[PDB]
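Taking it in order: structure first as structure tokens, then the write-up.
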Protein chains: 4
Amino acid sequence: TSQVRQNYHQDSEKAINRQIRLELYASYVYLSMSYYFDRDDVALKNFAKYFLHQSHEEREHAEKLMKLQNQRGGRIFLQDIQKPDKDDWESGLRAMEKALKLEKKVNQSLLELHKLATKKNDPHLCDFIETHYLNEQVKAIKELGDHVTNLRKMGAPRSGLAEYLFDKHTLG
Amino acid sequence: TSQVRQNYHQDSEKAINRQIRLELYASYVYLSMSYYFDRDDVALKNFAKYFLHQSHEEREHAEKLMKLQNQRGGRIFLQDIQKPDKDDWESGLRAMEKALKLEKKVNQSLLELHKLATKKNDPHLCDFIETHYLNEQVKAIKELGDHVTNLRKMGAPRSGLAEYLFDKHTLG
Amino acid sequence: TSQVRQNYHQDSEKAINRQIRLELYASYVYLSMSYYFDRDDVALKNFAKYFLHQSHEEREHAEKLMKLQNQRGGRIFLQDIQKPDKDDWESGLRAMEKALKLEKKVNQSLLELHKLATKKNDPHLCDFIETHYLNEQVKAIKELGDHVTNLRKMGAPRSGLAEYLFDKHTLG
Amino acid sequence: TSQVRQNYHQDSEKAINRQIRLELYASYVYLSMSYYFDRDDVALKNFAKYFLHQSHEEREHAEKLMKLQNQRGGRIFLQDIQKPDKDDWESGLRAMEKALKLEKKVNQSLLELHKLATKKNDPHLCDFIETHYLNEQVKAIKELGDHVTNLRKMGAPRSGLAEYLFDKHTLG
Ligand SMILES: [Fe+3]
Ligand SMILES: [Fe+3]
Ligand SMILES: [Fe+3]
Ligand SMILES: [Fe+3]
Ligand SMILES: [Mg+2]
Ligand SMILES: [Mg+2]
């Protein structure tokens, strides 16, 4: 038992390792999406930039959980990072729809993590998830929703103008 | 009788309280319009910003009439602020048409107030209405007409591309 | 159901609309109080400025709840803003006592909103209320308590001198 | 008849000369009031400064009407400036009550000047009075009302303390 450990349940410690893994997976998904938009046959530079910014933010989410595990005296166990569901993300609209689903999946995991921290009477952990994660997810979800709404109303993925102009005026 | 009151008719005083009520109501309509465009399924940020700015402007209009009431030694009496006629404003084009209608309604009420101030030989009040309100209405109605014309020529409300581009290039 | 909605109970959505209406009502009460102190027969400019500031803050409170409703994929439903209880607020001390009572009423509403968010296991909503509302209420109640205590000790409302000097020295 | 004269009634020309004389008289009353507060047995320096400022403003009012007379091709006829009604202004509160009454008397004169300009279909003259005089009078009456109300509530003229503290805190 770590000299620093206090009011930190073993279930919490394991759940934090699972969340770390999911943050690294989200990072990998956004990295894949980014370089899809960098292809000569896709060529939407601001989509590529938007998703690469998202990838680097997911790495920071992972690192802060690894910091928290060590702050509380838990022990980091890293696992294989699963390749994303797709190599070819098909269009700007479909990548955004996939990004929205991923952020709701990360959010559901953080809500399941807060539920566990609540059951284990770990208010430090509850505060950590609320301060650093829950509102980040609600903002990322609302923004991706906003982007999907716009791309659909502009007439994507059909009208080829829509994704070009959304790339320039919203993501650029 | 207020020690400041001079050449200020009872009817003028009563009409100023009702104008205060109409300005607060216009603030509320514009607040409703703003947050409609903030919805994830509408997501036109510059429409939202535009209508929130009108909302704070209507607030200032109400406050300056409340200042005038006291300057002339009238007494402010407030009523319920009615909720806007719509919860859903349907489109950018439809919200601009409703704003055009609201601004003409507020202008008509100010022209009635000026007619009453004239009938009661109150040139201070006539000057107040002309200096601070009448040209502000004409400018607002012209701007909203210009917006409605461009949204119609661009092919709104059908073309969601039209509202997206108007949002960026006119209201941005 | 909105594409962004996740872990957001219908009861919490309805409770956020009721809180939006109570924030707009508190804005209206403070606007009424402000322009009472602007009357030529009351003439306390710093009481007037103090309540106008509180009025503008209550609107910001309203607006942040309207943003949250859309962030969580709820739907804003605005209602009639009821007129304030009084036209004539009697004195600086009585206006401050009524403001204290209003802030405790808004606080009670927020504490019941937090109880519902807790019962519905909505930690994002709990965090929102804690971060943006609960300590604002505690500070507003404490400050109004401080003001009522000073106005009472100075001999209000049996000294027009007390309200005059408090206006200059505390609210100035 | 002057080469510049156009749409300028003989009655309006005579009324502008009468207003010039009343503005010079108001300047003289405020000069008298100012140097009352400068006496060693009254000694309220900010009452003294306040009324000297009002004296200098009334002269500017006089001068702008003299410019207008020449602008419209009227002929200035100056008369004897009557001494003020009082040598001894009794107190800060009585001087302020007399100043309020003077400003309402000057306002009544201006409103009768506007009635004549309206009856003679002189919109230039109507605009001049509205733009430069009517709101100045409304503000001066409101400010004097505010001051009388504060001096009364503070316990003037049964407190030399009230007039002392008002001099420091409002007129300082
Ligand atoms: Fe993340
Ligand atoms: Fe308005
Ligand atoms: Fe509030
Ligand atoms: Fe004058
Ligand atoms: Mg908690
Ligand atoms: Mg917390």
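Any read-out appearing in this document is the output of simple, stated calculations on the displayed coordinates, not a laboratory observation. As a convention, Cβ positions derive from the backbone with ideal geometry for all residues, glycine included, and neighbour counts pool all protein chains shown.
Residue selection: A:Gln108 satisfies the criterion of being without any contact (Cβ under 8 Å) to a residue 60 or more places away in the chain, out of contact with any helix residue (DSSP H, G or I) (no Cβ under 9 Å at 6 or more places or on another chain) and either under 26 Å from C:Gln71 (Cα atoms) or crowded, with 20+ Cβ neighbours inside 10 Å (or both). Scanning the range A:115-172 for residues that are within 16 Å of ligand 6 (Cβ to nearest atom) and under 21 Å from B:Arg39 (Cα atoms) turns up A:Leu134, A:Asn135, A:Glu136, A:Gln137, A:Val138. Within this structure, D:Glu23 fails the test of being over 28 Å from B:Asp127 (Cα atoms), acidic (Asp, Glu) and touching a residue at least 60 places away in the same chain (Cβ under 8 Å).
Of all residues in the range D:141-172, which are facing chain C (nearest Cβ under 7 Å) and not aliphatic (A, V, I, L, M)? Of everything in the range D:141-172, those that are facing chain C (nearest Cβ under 7 Å) and not aliphatic (A, V, I, L, M) turn out to be D:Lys142, D:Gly145, D:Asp146, D:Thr149, D:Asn150, D:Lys153, D:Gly155, D:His169.
Taking the stated definitions as given, is A:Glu58 under 11 Å from the mean Cα position of the chain (by Cα) and within 13 Å of ligand 1 (Cβ to nearest atom)? It is true that A:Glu58 is under 11 Å from the mean Cα position of the chain (by Cα) and within 13 Å of ligand 1 (Cβ to nearest atom). Does any residue of the range B:64-74 turn out to be surrounded by fewer than 22 Cβ atoms within 10 Å (Cβ to Cβ), within 14 Å of chain A (Cβ to nearest Cβ), part of a loop (DSSP other than H, G, I, E, B) and over 18 Å from the mean Cα position of the chain (by Cα)? No, every residue in the range B:64-74 fails to be surrounded by fewer than 22 Cβ atoms within 10 Å (Cβ to Cβ), within 14 Å of chain A (Cβ to nearest Cβ), part of a loop (DSSP other than H, G, I, E, B) and over 18 Å from the mean Cα position of the chain (by Cα).
Here the condition is being within 14 Å of chain A (Cβ to nearest Cβ) and either within 16 Å of ligand 6 (Cβ to nearest atom) or hydrophobic (A, V, I, L, M, F, W, C) (or both); of B:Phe51, B:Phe77, B:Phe47, it holds for B:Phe47 alone.
Candidates in the range C:80-95 are the residues that are without any contact (Cβ under 8 Å) to a residue 60 or more places away in the chain and within 8 Å of chain B (Cβ to nearest Cβ); of these, the one that is farthest from C:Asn135 (Cα to Cα) is C:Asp87.
Suppose the filter is within 14 Å of chain B (Cβ to nearest Cβ) and either within 16 Å of the chain's Cα centre (by Cα) or more than 16 Å from ligand 6 (Cβ to nearest atom) (or both); does A:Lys98 pass it? For A:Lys98, the condition - within 14 Å of chain B (Cβ to nearest Cβ) and either within 16 Å of the chain's Cα centre (by Cα) or more than 16 Å from ligand 6 (Cβ to nearest atom) (or both) - is not met.
Taking the range D:17-52 as the range and being closer than 20 Å to D:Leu78 by Cβ and among the basic types (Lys, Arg) as the test, the residues that pass are D:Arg18, D:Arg21. Scanning the range A:78-91 for residues that are of a type in the set (A, V, I, L, M, F, W, C), closer than 18 Å to A:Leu151 by Cα, in contact with a helix residue (DSSP H, G or I) (Cβ under 8 Å, 6 or more places away or on another chain) and not in a helix (DSSP H, G or I) turns up at least one hit.
Only residues that are polar (S, T, N, Q) and either closer than 16 Å to C:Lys105 by Cβ or buried (at least 18 other Cβ atoms within 10 Å of the Cβ) (or both) were counted across the range C:137-157, and they come to 1. The range B:108-172 holds helices (runs of 4 or more DSSP H) entirely within its bounds, and those carrying 2 or more residues that are closer than 30 Å to D:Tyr133 by Cβ map to B:123-129, B:135-154. Any residue that is closer than 30 Å to A:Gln10 by Cα, hydrophobic (A, V, I, L, M, F, W, C) and within 16 Å of ligand 1 (Cβ to nearest atom) - is there at least one of those in the range A:144-160? No, the range A:144-160 contains no residue that is closer than 30 Å to A:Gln10 by Cα, hydrophobic (A, V, I, L, M, F, W, C) and within 16 Å of ligand 1 (Cβ to nearest atom).
Checked against the criterion of being in contact (Cβ under 8 Å) with a residue 24 or more places away in the chain and hydroxyl-bearing (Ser, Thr, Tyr), the range B:154-168 contains one or more residues that satisfy it. Within the range A:106-133, being among the charged types (D, E, K, R) and facing chain C (nearest Cβ under 10 Å) holds for A:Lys115, A:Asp127, A:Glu130. Is there a residue being at the interface with another protein chain (Cβ under 9 Å from one of its Cβ atoms) and either surrounded by fewer than 23 Cβ atoms within 10 Å (Cβ to Cβ) or out of contact with any strand residue (DSSP E or B) (no Cβ under 6 Å at 6 or more places or on another chain) (or both) anywhere in the range B:9-23? Checked the range B:9-23: no residue is at the interface with another protein chain (Cβ under 9 Å from one of its Cβ atoms) and either surrounded by fewer than 23 Cβ atoms within 10 Å (Cβ to Cβ) or out of contact with any strand residue (DSSP E or B) (no Cβ under 6 Å at 6 or more places or on another chain) (or both).
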